[PDB]
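Take a look at the structure set out below.
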Amino acid sequence: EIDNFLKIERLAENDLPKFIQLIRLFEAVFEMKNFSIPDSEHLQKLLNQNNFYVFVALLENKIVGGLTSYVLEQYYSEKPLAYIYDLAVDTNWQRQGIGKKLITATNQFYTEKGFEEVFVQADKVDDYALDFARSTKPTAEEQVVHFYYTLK
Amino acid sequence: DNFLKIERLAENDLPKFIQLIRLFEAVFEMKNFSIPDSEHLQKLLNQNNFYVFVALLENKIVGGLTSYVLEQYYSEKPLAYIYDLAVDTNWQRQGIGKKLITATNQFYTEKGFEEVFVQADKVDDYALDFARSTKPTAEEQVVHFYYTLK
Ligand SMILES: CN[C@@H]1[C@@H](O)[C@@H](O[C@@H]2[C@@H](O)[C@H](O[C@H]3OC(CN)=CC[C@H]3N)[C@@H](N)C[C@H]2N)OC[C@]1(C)O
Ligand SMILES: CN[C@@H]1[C@@H](O)[C@@H](O[C@@H]2[C@@H](O)[C@H](O[C@H]3OC(CN)=CC[C@H]3N)[C@@H](N)C[C@H]2N)OC[C@]1(C)O
Ligand SMILES: [Ca+2]
Ligand SMILES: [Ca+2]
Ligand SMILES: [Ca+2]
Ligand SMILES: [Mg+2]
């Protein structure tokens, strides 16, 4: 069974090729139109940051899913928060346990680092993403409203 | 008012950062709260990805907000996440929160960011009322999930 072959890996600084592969998976799975990938100098800078962690799911050397996360150091606690910003699984591999393994590995990593909490969000209209998140034993869920300002 | 000043905190502003944290504790009615040690708070203030704005009447902090820079992989232009915003209860509904948002967006515009965002709980009418008054570009209904770690 694939469970005995799937590997979850946290990307290191030499993993720009795998990071680009995951961004391409995001482009495909989120159906991003007219996307121009940032230059590799920028993506390398991001991968080098101490507050950004990428996890990928691999079968052989093929990336079948992954997630991105940001560290938010807190002023209320000495234990940080982690914000999972994106998670996606290749459409051919969905509903096979990969997303759950990615969440498990991510939360294990941040537990070992002494973080307080990990969080992730889904759009109210995204039935697929909500059903997934509700299957990962989250501590709680809350309805929230997101506001943004597009800058000039 | 013209006496109101908006200040972006710098690395020599730990005392004002602590006053803003205490304002948060009071305005959010935070429970079972013990402030981190000042070594920790100074290290956070010194981060290149964290910016605090405060509102002052003379020496008194009457509101403020905190924000995190999120460098993107979909764009070279970054995002800013406004994490907390509060105004002292005695000074609310006098334009202070709107002035803080304006100053924050102006700052991130000058630095070439793509977008600033902020969130409110769906049950929090007061915070939803305030955010909608700041003329945001759009709003979206989302579900927030958290995992409390051992
Ligand atoms: C116009 N500027 C935009 C900016 O407002 C923001 O829009 C977000 C929107 O795409 C998100 O839904 C997409 O995102 C993902 C994961 N990446 C999965 C499903 C996708 N349909 C939504 N959850 C939050 C929205 N705020 O991010 C994109 C942007 C181009 O920067
Ligand atoms: C148990 N772990 C906790 C973690 O889940 C989280 O709880 C959040 C709670 O404070 C927030 O309430 C405050 O939000 C703010 C801004 N600070 C102003 C209005 C307040 N009502 C609520 N909006 C969302 C909750 N998830 O923060 C504390 C924690 C200890 O880390
Ligand atoms: Ca393209
Ligand atoms: Ca460039
Ligand atoms: Ca100052
Ligand atoms: Mg085209």
Side-chain angles (χ1 to χ4, degrees), chain A residues 22-23 25-46 66-68 72 74-88 115-126 128-130 132 138-151, chain B residues 20-21 23-34 64-66 70 72-87 112-128 130-131 136-149:
Chain A
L22 179 64
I23 294 163
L25 182 156
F26 288 165
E27 177 183 24
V29 171
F30 301 136
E31 301 187 306
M32 298 177 68
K33 307 309 199 201
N34 291 324
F35 175 65
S36 296
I37 197 169
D39 296 330
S40 289
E41 188 185 357
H42 172 76
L43 295 176
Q44 183 68 65
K45 187 199 77 189
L46 176 50
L67 70 74
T68 58
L72 313 175
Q74 301 196 80
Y75 39 90
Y76 295 136
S77 175
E78 278 199 56
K79 313 180 134 283
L81 300 176
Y83 178 10
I84 296 168
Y85 192 84
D86 273 315
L87 180 166
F115 278 41
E116 179 190 344
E117 178 188 282
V118 177
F119 64 96
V120 66
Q121 306 188 153
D123 302 330
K124 183 136 190 247
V125 296
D126 195 343
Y128 160 76
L130 291 168
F132 169 68
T139 302
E141 70 174 73
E142 310 168 53
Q143 311 279 319
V144 309
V145 183
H146 175 88
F147 304 88
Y148 64 88
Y149 310 89
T150 300
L151 308 184
Chain B
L20 179 63
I21 294 165
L23 186 154
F24 288 165
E25 173 181 28
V27 173
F28 301 146
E29 312 155 29
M30 298 184 63
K31 311 294 196 292
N32 197 31
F33 177 68
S34 306
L65 67 77
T66 55
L70 306 178
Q72 294 196 85
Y73 43 88
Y74 294 130
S75 180
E76 299 182 26
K77 303 194 198 316
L79 303 175
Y81 177 12
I82 297 169
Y83 191 84
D84 274 322
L85 185 158
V87 177
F113 280 40
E114 181 165 61
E115 173 186 288
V116 176
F117 65 93
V118 66
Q119 309 197 145
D121 301 326
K122 183 178 179 180
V123 298
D124 193 336
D125 317 286
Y126 303 137
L128 289 171
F130 166 78
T137 300
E139 62 174 80
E140 321 187 302
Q141 316 282 310
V142 307
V143 184
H144 172 88
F145 298 88
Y146 64 83
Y147 306 94
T148 296
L149 305 185

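Numbering of ligands and ligand atoms starts at 1, following listing order. As a basis for the values below, the full set of heavy atoms in this structure was taken, side chains included, without hydrogen atoms, waters or symmetry mates. All chains are named by letter (A, B, ...) in the order of the sequence lines, taking the proteins before the strands, and each is independently numbered beginning at 1.
Residue pairs meeting the side-chain hydrogen bond (donor to acceptor under 3.5 Å, both in side chains) criterion with at least one member in residues 24-34 of chain B, sequence neighbours excluded, are B:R22-B:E25. Screening residues 74-87 of chain A for salt bridge (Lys or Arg N to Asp or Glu O under 4.0 Å), with sequence neighbours left out, gives no hits.
Between A:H146 and B:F117, the ring planes lie tilted relative to each other; the angle falls in the 30° to 60° range. Under the 30°/60° scheme for interplanar angles, the aromatic rings of A:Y85 and A:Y83 are found to stand perpendicular.
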Practice task
List the steps, then state whether side chain to side chain contact (heavy atoms under 4.5 Å, CB included) holds for A:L72 with A:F115.
Solution key: CA-CA 10 Å; A:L72 313 175; A:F115 278 41; over 6 Å; no

Exercise for the section: Run the numbers on B:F33 and B:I21 for side chain to side chain contact (heavy atoms under 4.5 Å, CB included), then give the verdict. Expected result: CA-CA 11 Å; B:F33 177 68; B:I21 294 165; 3.8 Å; yes

Exercise for the section: Could you walk me through whether B:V143 and A:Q143 pass the side chain to side chain contact (heavy atoms under 4.5 Å, CB included) test, one step at a time? Expected result: CA-CA 5 Å; B:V143 184; A:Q143 311 279 319; 3.7 Å; yes

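Protein residues are said to neighbour a ligand when one of their heavy atoms lies under 4.0 Å from it; for ligand 2 these are A:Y76, A:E116, A:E117, A:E142, B:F28, B:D84, B:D121, B:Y146.
For the Ca ion (ligand 4), the count of nearby protein N, O or S atoms, meaning those under 3.0 Å away, is 3.
Within the model, atoms CD of A:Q74 and OG1 of B:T66 stand 10.5 Å from one another, a figure rounded to the nearest 0.5 Å.
When atom types are taken as modelled, the side chain of B:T148 and the backbone of A:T139 share no donor-acceptor pair closer than 3.5 angstrom.
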